[PDB]
């Protein structure tokens, strides 16, 4: 089966590491030469990796049960489908959980498991919450995270992400210790990097909302969520380690620039600057052909 990309403009692409629309394509800073994010990870032949799952509503979201009220609550997390999480499962953590250090802001909602006498429907409550992912309390692989905001113990919760609380401790390329400092992370999607001098990573960037403070925080993903979804659907065999892709202006049919789309599921370009890529609104990538690591990209 021939490999393809979905046909989607930048305005039709979603971030795979936070559930928001893409704002820009962006070339990696000089300091960012290797990354190992765990959401938005998928091989070109459709194998999801890391903590990647298919639903936008799963990205940086989680479900679980409140086990303790301390402003702070301990949550025993489940899989997103509500089934109990088995730490023995060969994934880094429940699929969808945040893959970066930061203070994730969203809303925790709670619907009671049973109805009160005289009520035909369950009681509900919900509150703003912060989920720190850089502290020892963030141990989703051990089945527990801590949130700060009442909430009932042993009643199920949903966390809907909105943005970051603030930029304190926001390091998008530092993978959390999913099982705490005593345990190595396991079953990680591998690190990716340019290996051709003068190439750098090409990111799909979103500027996340903030609850407060100064900032315009960026989260960069390797693949849009729709690309992950498409690759999984097609399951097209990869015929080499590198797919040459070109960004097309559809009304002219001309290629504006070219990029390497690597088998592991990430892109590199030939560029000397870290900056937003300025492109027409109607443009999109198209698969050209399979090449190899020695192929030299035209400067963009």
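Positions of Cβ are backbone-derived with ideal geometry, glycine not excepted, and every protein chain shown enters the neighbour counts. Throughout, read-outs are computed from the coordinates displayed, never taken from laboratory work.
Here are the criteria: (1) in contact with a strand residue (DSSP E or B) (Cβ under 9 Å, 6 or more places away or on another chain); (2) more than 24 Å from residue 199 (Cα to Cα). Tell me which single one residue 53 does not satisfy.
Single failed check for residue 53: (1).
Hey, among the residues in region 216-268 that are in a helix (DSSP H, G or I) and touching a helix residue (DSSP H, G or I) at 6+ places or on another chain (Cβ under 8 Å), which one's surrounded by the most Cβ atoms within 10 Å (Cβ to Cβ)? Steps first, answer last, please.
Of all residues in region 216-268, those in a helix (DSSP H, G or I) come to 225-234.
Among the residues that remain, those that are also touching a helix residue (DSSP H, G or I) at 6+ places or on another chain (Cβ under 8 Å) are: 225-226.
Working: 225: 27, 226: 17.
Ranking the candidates gives 225 first.
Answer yes if at least one residue in region 18-35 is surrounded by 22 or more Cβ atoms within 10 Å (Cβ to Cβ), in contact with a strand residue (DSSP E or B) (Cβ under 9 Å, 6 or more places away or on another chain) and farther than 23 Å from residue 171 by Cα, and no otherwise.
No, there is no match, as no residue in region 18-35 is surrounded by 22 or more Cβ atoms within 10 Å (Cβ to Cβ), in contact with a strand residue (DSSP E or B) (Cβ under 9 Å, 6 or more places away or on another chain) and farther than 23 Å from residue 171 by Cα.
So which of 66, 97 ends up being under 12 Å from residue 159 (Cβ atoms) and over 13 Å from the mean Cα position of the chain (by Cα)?
Result of the check over 66, 97: 66.
Given the structure, is residue 59 crowded, with 17+ Cβ neighbours inside 10 Å, within 19 Å of the chain's Cα centre (by Cα) and closer than 24 Å to residue 163 by Cβ? It would help to see each step written out before you state the result.
On the way: crowded, with 17+ Cβ neighbours inside 10 Å: yes; within 19 Å of the chain's Cα centre (by Cα): yes; closer than 24 Å to residue 163 by Cβ: yes.
In short, yes.
Taking strands (runs of 3 or more DSSP E) that fall entirely within region 1-102, which contain at least 1 residues that are more than 24 Å from residue 190 (Cα to Cα) and out of contact with any helix residue (DSSP H, G or I) (no Cβ under 9 Å at 6 or more places or on another chain)?
Filter on region 1-102 gives 62-69, 72-77.
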